[PDB]
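Heads up, the chain below is alone and in the form deposited in one PDB entry; it's given as structure tokens.
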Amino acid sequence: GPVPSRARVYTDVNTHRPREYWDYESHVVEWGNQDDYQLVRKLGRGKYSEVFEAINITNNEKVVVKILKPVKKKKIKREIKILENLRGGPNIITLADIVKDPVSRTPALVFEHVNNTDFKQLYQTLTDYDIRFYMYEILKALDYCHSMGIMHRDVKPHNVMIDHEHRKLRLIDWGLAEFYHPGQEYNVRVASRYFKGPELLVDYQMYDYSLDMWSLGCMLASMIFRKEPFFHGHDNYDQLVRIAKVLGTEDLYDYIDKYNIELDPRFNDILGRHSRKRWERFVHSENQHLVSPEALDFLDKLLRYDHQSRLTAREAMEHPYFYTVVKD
């Protein structure tokens, strides 16, 4: 069977916290007053929630209200407990309240509101400096949640709110986030297609925080190369082929062989044989101002098949790529 794996950092954070910290099933929700919040307009609907702009009438301030759908019930307390655990962390969205929506009869989560620009608009605007600045800000959030024994598992542009005017960033949508327990086997059906790590795509369940670092690397590549998304698979199978067309098939086989994983036989006809490509291949006159030797080295160290070989968040923050970013 598959060889086991453990995170190289924050391995035992949850085992040394009190049980109530991670045992979310036993958590008891304390409700606020639903009449404090008036819905103003629908912002979005996903598989698991509807999100609204609202006004808190106790201060007349804009808030965000996320009305949870009754999908997987366990997700509800999991998300709530994770948000409370992380509240106050750097660039973590602040859960301000929890109310019972009278129409859905489900929890509505009340968040601080962030003024955002659609990433499709904004990423076309970012300078080299802006990219490094915001990547560093995301790393603060990820090192924080990893240090607190939590993996996000849905890092993607849509889950990073940026108020560009005030240079403010928040990591949102913790509905897929999970507590890391060494040796635990997790659902591989997480993350959005273009940001799924190789571990998910080869059905290796004993993954960790390093999943978020693959996802971040996918974001970085799309930004510095101006290619949205970078790995553009038409399904979860073709997603791995697209990655292997860049990182090569020999290192993919080395990866699955290390963990004694067997690829789905489905890949036999479609994977082919691919050399590892040099990152310089994706540089052209329209993105070269976003690329530097430092950017390419940093990206190279995030996008590794072996989840154990990727930079950790903290190591990433030490990288030369960030030397030019003014520290606050």
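Whichever C-alpha set is largest while still superposing within 1.5 Å between the two forms counts as the rigid core. Note that residue numbering follows the sequence shown and begins at 1.
Looking at mean Cα B-factors across 10 to 18 and 305 to 313, the upper value is held by 10 to 18.
Comparing the deposited coordinates for 68 to 76 and 134 to 142, the stretch with the larger average C-alpha B-factor is 68 to 76. Taking the PDB entry at face value, the top CA B factor among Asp101, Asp118, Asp208, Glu178 belongs to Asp118.
Placement of the Cα temperature factor of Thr249 within the chain: lowest third of the modelled residues, per the deposited record.
Among all modelled residues in its chain, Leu299 ranks in the lowest third by Cα B-factor. When the modelled residues of the chain are ordered by C-alpha B-factor, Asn236 sits in the middle third. Ranked by C-alpha B-factor against the other modelled residues of its chain, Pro157 falls in the lowest third. The deposited CA B-factor of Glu112 belongs to the highest third of values across its chain.
What follows is about the form solved in complex with a partner chain, which we do not show.
The listed set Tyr186, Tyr255, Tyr136, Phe111 contains one residue whose heavy atoms approach its partner chain in the deposited complex to within 4.5 Å, identified as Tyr186. Interface residue among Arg193, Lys77, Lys245, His164 relative to its partner chain in the deposited complex, by the heavy atom within 4.5 Å criterion: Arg193. Contact with its partner chain in the deposited complex, judged as any non-hydrogen atom within 4.5 angstroms, is confined among 164 to 172, 147 to 155, 245 to 253, 211 to 219 to 147 to 155. Among residues of the shown chain, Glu178 is one whose heavy atoms approach its partner chain to within 4.5 Å in the deposited complex.
In the deposited complex, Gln288 stays away from its partner chain, with no heavy atom inside 4.5 Å.
Not displayed here, its partner chain is approached by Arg266 to within 4.5 Å at the level of heavy atoms in the deposited complex.
Though the partner is left out of this view, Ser275 does not reach within 4.5 Å of its partner chain in the deposited complex, counting heavy atoms only. The putative spot formed by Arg6, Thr125 and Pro182 is not touched by its partner chain in the deposited complex; no residue has a non-hydrogen atom within 4.5 angstroms of it. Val71 is the only residue from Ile256, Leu122, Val71, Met206 whose Cα shifts by 2 Å or more between this form and the one not shown, the rigid core being superposed. Superposition on the rigid core between this form and the one not shown places the CA atom of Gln184 less than 2 Å from its counterpart.
Relative to the superposed core, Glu228 undergoes a Cα shift smaller than 2 Å between this form and the one not shown. With the core superposed, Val40 shows a C-alpha displacement of at least 2 Å between this form and the one not shown.
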